[PDB]
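In my numbering, the protein residues as written are 1471 to 1638.
Please read the structure below before turning to the comments.
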Ligand SMILES: *CCC(=O)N1CCN2Cc3cc(C#CC)c(-c4c(O)cccc4Cl)c(F)c3OC[C@H]2C1
Ligand SMILES: Nc1nc2c(ncn2[C@@H]2O[C@H](COP(=O)(O)OP(=O)(O)O)[C@@H](O)[C@H]2O)c(=O)[nH]1
Ligand SMILES: [Mg+2]
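Spelled out as structure tokens, the structure:
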């Protein structure tokens, strides 16, 4: 059957996890998406000439351990670590999420990409150097995105797919 990639999008409330995922699948920018709705989404893509089906968990709600999140964390192949460039706390929260994923994987070498979202906004509080430093510390790529303009959205997901290929 068609190759699949199981992806997980994680990050603080409000950073744009749903908006990024909706842009990828639908090519529309959502100004409001219910923060409680945790679901998976599927998209057929072609990346470096390979047709595949992405299976993407948009994490949401507060109720952490849940049938769905548990199975995607245990079986997920790659993770997008999303913060917003106007949300310093969301950047500070990234290390927590990376630590929890590493503990589920019992591994230091999990495919991940750091995503700094909301690049269209004036109110930057996390500088690109802070992002780049963090990603280099972790050994992973950094991609700047805007779900509003769509800048970097494909690049983020495709880079994650390329990172999974490099690992397996
Ligand atoms: C605004 C609502 C929303 O989008 N979310 C609420 C905050 N969530 C934070 C968050 C926390 C953890 C944890 C822990 C301990 C994890 C997680 C879990 O649950 C299990 C294994 C690995 C990790 Cl990283 C999150 F994925 C996560 O991101 C979701 C965010 C959703
Ligand atoms: N300006 C701008 N707003 C965004 C961007 N991404 C998300 N938003 C907005 O930020 C809010 C939170 O987005 P959402 O996708 O619900 O975040 P989630 O809680 O991580 O799923 C919503 O009002 C979105 O429209 C972006 O790149 N730029
Ligand atoms: Mg959401």
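Virtual Cβ for every residue (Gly too), placed ideally from N, Cα, C.
At which residues does the beta strand (DSSP E) containing residue i begin and terminate?
i            : result
residue 1517 : 1509-1517
residue 1612 : 1612-1614
Between the options, which has its C-alpha nearest residue i's C-alpha?
i            : options                   : result
residue 1473 : 1497, 1487, 1513 and 1499 : 1513
residue 1505 : 1529, 1491, 1498 and 1521 : 1529
residue 1631 : 1615, 1515, 1536 and 1471 : 1515
residue 1628 : 1605, 1485 and 1583       : 1583
residue 1568 : 1599, 1497 and 1482       : 1482
residue 1497 : 1623, 1585, 1486 and 1597 : 1623
residue 1531 : 1507, 1487 and 1575       : 1507
residue 1527 : 1520, 1541 and 1533       : 1541
residue 1620 : 1471, 1476, 1575 and 1500 : 1500
residue 1637 : 1600, 1546 and 1594       : 1546
With H, G and I counted as helix, E and B as strand and the rest as coil, what does DSSP make of residue i?
i            : result
residue 1499 : coil
residue 1618 : coil
residue 1555 : coil
residue 1522 : strand
residue 1476 : strand
residue 1624 : helix
residue 1585 : strand
residue 1550 : strand
residue 1594 : coil
residue 1577 : coil
residue 1638 : coil
residue 1569 : helix
residue 1532 : coil
residue 1485 : coil
residue 1563 : helix
Considering residue i, what are the terminal residues of the alpha helix (DSSP H) in which it resides?
i            : result
residue 1604 : 1598-1608
residue 1539 : 1537-1545
Name, in chain order, the residues that DSSP records as bridge partners for residue i.
i            : result
residue 1527 : 1478 and 1510
What residues sit near ligand 1, counting only those whose C-beta is closer than 5 Å to one of its heavy atoms, in chain order? 1480, 1483, 1505, 1529, 1530, 1534, 1543, 1567 and 1570
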